[PDB]
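Enquirer: I'd like to ask you about the structure that follows.
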Ligand SMILES: OC[C@H]1O[C@@](CO)(OC[C@@]2(O[C@H]3O[C@H](CO)[C@@H](O)[C@H](O)[C@H]3O)O[C@H](CO)[C@@H](O)[C@@H]2O)[C@@H](O)[C@@H]1O
Ligand SMILES: OC[C@H]1O[C@@](CO)(OC[C@@]2(O[C@H]3O[C@H](CO)[C@@H](O)[C@H](O)[C@H]3O)O[C@H](CO)[C@@H](O)[C@@H]2O)[C@@H](O)[C@@H]1O
């Protein structure tokens, strides 16, 4: 209509229960037909808002977003643990108060070019960059995980070829806020982001949660609750500059909590990070001039039977924080390492907390390491020979810092005696 | 029908007189329509209930026992009823307004059995955990405080037996966002919470503001404006693991700013904390392996006459930060201690900033203490860190001079902040 | 009636042509209906005014003088008008779009006091303080910048005398959330603010972005994306106590990222700050007992041709962080100083990172300074130039002064924030520990 406000349950001839994808695409075509002129009375393409009331909507056609200033909004993030439910014996399901996620719920009924499996694809090349698209307070549900030859129960594989939101083109000032994502192989994949905000979402039981790909700048990932799968990323970024990752509560069971490849001049600060495996925070492939500060790291063991034996393939020598790059700053972090001598790998090894594998000029200061066998000896800081000219202060006793003293500046944490 | 309701458009009841009845009636309708749990891969998606801006009396407790219910308004609606109730009554007619507003739920319940005085009770037993209930951008107002047997003027007691939102049952993925709470004995009490987010609320002039009880995991309390009363909690958690408390601006006048009982592996980081009393951040009953980092602490004196002599009963030896527990990390905090030296209790005591009362392996590093003597500004001698004999094997670095760090050097690792000069 | 209004469903006027008249008409309706302050424990609950997505010209200033008014939209609607106005004009017809969108308020007011040029003016005297006004998820667009005799092209001056939101009176519990501001000389100016939250906004290509004026207490500026102009402020506060500034991503090209005058007992913590000039964080005029912690600072050279020679007037001896006041705490920050040695001013100077110009008892600990001699050249293409320079870590070392303590400042403590040669300070009167070196 003329005021650019649409409701998927009030779309003529549309059935969002059967195919909300088709309904939303039809609405987008309606907006474009009405907003053809870019420069009439200092305006002309203001965009629109599409509302999803709470409900169960099947999406059978991918939505293509190629207009700036489109807002898609609902009235509920709608999360429930499909992982827990699919591991309750089927005979006990009738007594459960509910089974499925809810809220403003988009069920992704697409086949498994991973962009083709995305419920929402945002794509538009040329100039200017597509700008200020907003996704807010709805639920995207991939419904089931499926057999992938890995031997585990189908619903525990984290594999289905489905993506919640995939942004393929260079973008500016995008927002993803208050969402729920559940049971998607990839929740949110955003290429070439500038000044993006991913804020206050619930992104859990997805193979990978947040991936920022290609390159980007001046973006932020804040105040999210995030839990991924053992082959996937919780928070991943590549070739980003000026990224701020803060105030997230990241829980298991991603391969990692935060994974950077070629990320520079960024900050991973004040997050609560919980993993069941090593390699929680990975700065790789010349990830340089980053601040990693005041994070709470907990690494312990998977308590839940269905995922006992499942891990990310990495041993305890990896480090909880691993750095390959120059001139980083690792300051004021807390590391709690809770492992059984029996489950340490390789057998007889001493776990590593912070590992510098390559690069120069890294400043590691004022980090507290707490290790328990449920104390347990750990290496607080391991500087490999291929990393040098680092500065390591008050981040472990002399024994806990493994490093060439001739080419690294080391001040051991004073000991009790 | 499309699961969206407006409390002013529901044909049963009157939200001005009893919005409780209206919302309960709406919830009954949702349940009547959403009876089947597995139809076409769904069946119980929940609903949204909208409160337009307005004054709504609640006389019946709302019982929320369904997942995916959102209750939303269009205004947090805060104004200081504390200030207004202390303005002389003859001046009230000249004030532009008296009461809070926005999408306002007036809690007209009798006092509690704490949960019986709750405007919103979230309770459901069995399985699975009730999940993804959302409260957004409305106002809950307990209207008046009343006599508590002692003592001061009724409107300054912080007592009425009323709760804004009480969550009794184990819950997952709940959200409380953009709310206003005012004049409630308890604003928000959530038991047995997993992956909860309490985000960007205004929770003030309530006896206690945020209480996380029983136990919980992986939750967060972020970006809130919080002010409590002198016998209550600003932020309280018990038996939580993996709690993140960050970016809050906590102002007076709670008994404390953050109080943990048996909280482990959690983070109280990057908050601004202002109190009028000692005992601002309390880690108690084996609160262990927590990070307390880069907070700004200010302790000064109550300036406002109606509360001038009212306090939390704790003396200046208590500490602004008190820790009873193991293996915590206290890093990069600023402490401003602003007191009248003549009013320090006990008489002749040197005030304490960080106190370790019990536990081992606490790491305290790179904290700045600034202390001043001001009448209710000269530099004031303080004990930056006090380690009691019952706490040992701690590491204290660059958090005070040798005189400022009171601790047994034989069983703790102490590095005094370097002195000026050569 | 139910206190909910939609600007496109109002009987009088035309929000396309003058939304200000429409909104003022709505406010008069609210007041007419809400005249009594104490009827059944209520009576003035306020209202909500909704702006669907659309282009709305504002020709009459909106005056908000009631508590509990919410003005909300359905899109922050930002696009870079700066990029567009530096694309050759003959190419504009071929661009997918030109203007900002979302729920868009176009400020068509003449230049102001500056309050007269505000699209929204919040003002009320008497008691109590106006309270709990909310602005949410709409766009305020000042359309054009104009010539001001500064040499620059008119659209690059950052001058138009327009303000998005101006709050003139003492206020309590205000919120500004999810907004988009673009092409305004001043985005958001709030006087005398108590318990204010400015949260999750996009405030960019404005001369100044956030200014907290007069005085204030217990406020917070959190989770914003902010970019100002070379004569203006990104985040500014004066005579505030207990301000929390955190989780902001501040990018160029403000004169500064954070500027305090007489601000005390406040926290500037966990922000990402990127500037093209010195003087990124300024604590001035007895700014005391503040925590400046775990921020990521980047200072480098403007790479975009339209602004390549434009700057904030300050030289490299200024400092990235400058402090005039007592008893502050500077802990755990990262500083990247990424400049061309030939472009340092004055010629042959050693750049200063942290400068203590006056005051006593400042505690500076555990700060990492990384300094590189790089030549970022420039390019006509904005986002290309911007991303390439952020990712370019290929360089030789650059000598810097990590901490400079002027003679006017003393009794400070400087720990692990630089080697001895990097800390220029009187050792007799300050406590200095050099970062260990090899
Ligand atoms: O490990 C987190 C990972 O597992 C999922 C289910 O696949 O959540 C499980 C869950 O329970 C674990 O945590 C609680 C600790 O409170 C413990 O009692 C239980 O034994 C664990 O399995 O994890 C969260 C808390 O992190 C709980 O709410 C949930 O029941 C999945 O959602 C998540 O990605
Ligand atoms: O002290 C906080 C506590 O008191 C209440 C009223 O019960 O608010 C009072 C208030 O005023 C104090 O701070 C102002 C501004 O610095 C000062 O001028 C006044 O003398 C003080 O009493 O506190 C907030 C700021 O913390 C002000 O907005 C407010 O007027 C209550 O709301 C709060 O929980």
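Chains as they are written, first to last, in the working numbering: chain A, 95 to 511; chain B, 2 to 423; chain C, 914 to 1351.
The beta carbon of each residue, even a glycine, is placed where N, CA and C say it ideally should be.
Residue 936 of chain C by DSSP, collapsed to three states: which one?
Expert: Taking the third chain and counting its residues from 1, the one referred to as residue 936 of chain C is at position 23. Helix, per DSSP.
Enquirer: Taking buried to mean at least 16 other C-beta atoms within 10 Å of its own C-beta, is residue 362 of chain B buried or exposed?
Expert: What you label residue 362 of chain B is simply residue 361 of the second chain in a count that begins at 1. Result: buried.
Enquirer: Please report the straight-line C-alpha distance between residue 375 of chain A and residue 1189 of chain C, rounded to a whole angstrom.
Expert: Translated into the one-based positions of the first chain, residue 375 of chain A becomes position 281. Translated into the one-based positions of the third chain, residue 1189 of chain C becomes position 276. So the alpha carbons of these two residues sit roughly 30 Å apart.
Enquirer: What residue ranges within the segment 210–259 of chain B form continuous beta strand (DSSP E) runs of no fewer than 3 residues, ordered along the chain?
Expert: 221–223, 226–228, 234–239, 245–247 and 250–252
Enquirer: If we cut at 7 Å on Cβ distances, does residue 139 of chain A have a partner in chain C?
Expert: For the purposes of this step, residue 139 of chain A is taken as residue 45 along the first chain, with counting starting at 1. Output row for residue 139 of chain A: interface = yes.
Enquirer: Could one say the Cβ of residue 240 of chain A lies closer than 7 Å to chain C's Cβ atoms, at least one of them?
Expert: For the purposes of this step, residue 240 of chain A is identified with residue 146 of the first chain, where counting begins at 1. Chain C, which has no Cβ nearer than 7 Å to the Cβ of residue 240 of chain A, makes this no.
Enquirer: At the 7 Å Cβ level, is residue 951 of chain C part of the contact set with chain B, yes or no?
Expert: Within the third chain, numbered from 1, the residue matching residue 951 of chain C stands at position 38. Taking Cβ atoms only, chain B reaches closer than 7 Å to residue 951 of chain C, which makes this a yes.
Enquirer: Less than 6 Å between C-beta atoms, sequence neighbours within five positions excluded: which residues of the same chain meet that for residue 1268 of chain C?
Expert: On the third chain, residue 1268 of chain C is found 355 positions in, with the first residue counted as 1. Here the set comprises 1232, 1235 and 1317.
Enquirer: Go ahead and label residue 375 of chain B buried or exposed: buried means 16 or more other beta carbons lie within 10 angstroms of its beta carbon, across all protein chains shown.
Expert: Against the second chain, residue 375 of chain B aligns to sequence position 374. Label assigned to residue 375 of chain B: exposed.
Enquirer: By the 10 Å Cβ neighbour count, where 16 or more other Cβ atoms means buried, how is residue 98 of chain B classified, buried or exposed?
Expert: Counting from 1 along the second chain, the entry for residue 98 of chain B is found at position 97. Looking at its Cβ environment, which holds 16 or more other Cβ atoms inside 10 Å, residue 98 of chain B is buried.
Enquirer: Does DSSP put residue 1300 of chain C in a helix, a strand or coil?
Expert: As a first step, residue 1300 of chain C must be located in the third chain, where it is residue number 387. Here residue 1300 of chain C sits in helix by DSSP.
Enquirer: In terms of residue numbering, what span does the beta strand (DSSP E) encompassing residue 1178 of chain C cover?
Expert: Sequence index remark: in the third chain, residue 1178 of chain C carries index 265 (1-based). Neither: residue 1178 of chain C is in no beta strand (DSSP E) and is coded neither H nor E.
Enquirer: Note down the Cα distance separating residue 317 of chain A from residue 350 of chain B, rounded to an integer number of angstroms.
Expert: Here residue 317 of chain A refers to the residue found at position 223 of the first chain. Here residue 350 of chain B refers to the residue found at position 349 of the second chain. About 42 Å.
Enquirer: Please tell me whether, using a cut-off of 6 Å, the distance from the CB of residue 195 of chain B to the nearest non-hydrogen atom of ligand 1 is below it.
Expert: Here residue 195 of chain B refers to the residue found at position 194 when the second chain is read from its first residue. Residue 195 of chain B Cβ: within cutoff of ligand 1.
Enquirer: By Cβ distance below 6 Å, which residues in the same chain neighbour residue 327 of chain B in space, the five residues on each side in sequence not counted?
Expert: Residue numbering aside, residue 327 of chain B sits at position 326 when the second chain is read from its first letter. Once the five neighbours on either side are set aside, the close Cβ partners of residue 327 of chain B are 289, 360, 361 and 362.
Enquirer: Just to make sure I have the definition right: I need the residues of chain C whose C-beta is within less than 9 Å of the C-beta of residue 228 of chain A. Which are they?
Expert: Within the first chain, the letter at position 134 stands for residue 228 of chain A. Those within 9 Å of residue 228 of chain A in chain C are 987, 988, 989, 1015, 1050 and 1091.
Enquirer: Cβ of residue 1249 of chain C less than 7 Å from any chain A Cβ?
Expert: Along the third chain, read from residue 1 onward, the residue named residue 1249 of chain C stands at position 336. True, the Cβ-Cβ gap to chain A drops below 7 Å.
Enquirer: Do three or more CB pairs link the segment 1029–1047 of chain C to the segment 970–984 of chain C at distances below 8 Å?
Expert: The segment 1029–1047 of chain C makes contact with the segment 970–984 of chain C, as at least three CB pairs between them are under 8 Å.
Enquirer: Is the Cβ of residue 102 of chain A closer than 7 Å to any Cβ of chain B?
Expert: Along the first chain, one-based indexing puts residue 102 of chain A at 8. Not closer than 7 Å to any Cβ of chain B, the Cβ of residue 102 of chain A fails to qualify, so no.
Enquirer: So which residues on chain B does residue 505 of chain A lean against when the C-beta distance must stay under 8 Å?
Expert: Numbered from its first residue, the first chain carries residue 505 of chain A at position 411. None at all; the shortest Cβ gap to chain B is about 10 Å.
Enquirer: Are there 16 or more other CB atoms within 10 angstroms of the CB of residue 258 of chain A, so buried, or fewer, so exposed?
Expert: Looking up residue 258 of chain A in the first chain gives position 164. It is buried - the Cβ of residue 258 of chain A has at least 16 other Cβ atoms within 10 Å.
Enquirer: For the segment 1140–1160 of chain C, which residues have a CB atom closer than 7 Å to at least one CB atom of chain A, in sequence order?
Expert: Using a CB distance below 7 Å, the part of the segment 1140–1160 of chain C facing chain A consists of 1160, ordered along the chain.
Enquirer: Quick check on DSSP: helix, strand or coil for residue 1033 of chain C?
Expert: Your numbering for residue 1033 of chain C matches position 120 in the third chain. Secondary structure at residue 1033 of chain C: strand, using DSSP grouped into helix, strand and coil.
Enquirer: Can you grab the Cα-Cα spacing for the pair residue 987 of chain C / residue 1125 of chain C, in whole Å?
Expert: The count along the third chain starts at 1 and reaches residue 987 of chain C at position 74. The count along the third chain starts at 1 and reaches residue 1125 of chain C at position 212. Distance between the alpha carbons of residue 987 of chain C and residue 1125 of chain C: 26 Å.
Enquirer: Helix, strand or coil, according to DSSP, for residue 300 of chain A in the structure here?
Expert: Taking the first residue of the first chain as 1, we reach residue 300 of chain A at position 206. Looking at residue 300 of chain A - three-state DSSP - the assignment turns out to be coil, as it is neither helix nor strand.
Enquirer: Does residue 402 of chain B have its Cβ less than 7 Å from a Cβ in chain A?
Expert: By one-based count along the second chain, residue 402 of chain B stands at place 401. Residue 402 of chain B does not count as touching chain A.
Enquirer: So, for residue 463 of chain A: in the same chain, excluding its five sequence neighbours on each side, which residues have a beta-carbon less than 8 Å away from its beta-carbon?
Expert: Your numbering for residue 463 of chain A matches position 369 in the first chain. The beta carbon of residue 463 of chain A lies closer than 8 Å to those of 429, 431, 447, 472, 474, 489, 490 and 494 in the same chain, with the five residues before and after it left out.
Enquirer: Of the residues that make up the segment 1166–1182 of chain C, which ones have a beta carbon closer than 8 Å to any beta carbon in chain B?
Expert: Residues passing the 8 Å Cβ filter: 1178, 1179, 1180 and 1182.
Enquirer: For my contact list, residue 1016 of chain C and residue 990 of chain C are in at a C-beta cut-off of 8 Å; report their separation, rounded to the angstrom.
Expert: As a position in the third chain, residue 1016 of chain C is number 103, starting the count at 1. As a position in the third chain, residue 990 of chain C is number 77, starting the count at 1. Going by Cβ atoms, the distance from residue 1016 of chain C to residue 990 of chain C rounds to 7 Å, so yes, they are a contact pair.
Enquirer: Helix or strand or just coil, what does DSSP make of residue 1345 of chain C?
Expert: Your numbering for residue 1345 of chain C matches position 432 in the third chain. Correct three-state label for residue 1345 of chain C: strand.
Enquirer: Just curious, the beta strand (DSSP E) that residue 50 of chain B is in, first and last residue?
Expert: The sequence position of residue 50 of chain B within the second chain is 49, counting from 1. Judged by DSSP secondary structure, residue 50 of chain B falls within the beta strand (DSSP E) whose first and last residues are 48–52.
Enquirer: For the segment 243–302 of chain A, list the beta strand (DSSP E) runs that are entirely contained and at least 3 residues long, ordered along the chain.
Expert: 257–261, 269–271, 274–276, 280–288, 291–293 and 296–298
Enquirer: Could you name the residues of the same chain whose beta carbon sits closer than 6 Å to that of residue 417 of chain B, not counting the 5 residues immediately before and after it, in chain order?
Expert: Within the second chain, residue 417 of chain B is the residue found at index 416, counting from 1. Result list for residue 417 of chain B: 402 and 403, in chain order.
Enquirer: Whose C-alpha, out of C:1123, C:1206 and C:1025, is nearest the C-alpha of residue 1095 of chain C?
Expert: Along the third chain, one-based indexing puts residue 1095 of chain C at 182. Ranking C:1123, C:1206 and C:1025 by Cα distance to residue 1095 of chain C puts C:1123 first.
Enquirer: Please list the terminal residues of the continuous beta strand (DSSP E) segment that includes residue 393 of chain A.
Expert: To locate residue 393 of chain A, count along the first chain from 1; it is residue 299. Note, residue 393 of chain A: beta strand (DSSP E), 390–393.
Enquirer: Interface residues of chain B around residue 1236 of chain C at Cβ under 8 Å?
Expert: Residue 1236 of chain C sits at position 323 when you count from the first residue of the third chain. By Cβ distance, chain B contributes nothing, its closest Cβ being about 13 Å from residue 1236 of chain C, past 8 Å.
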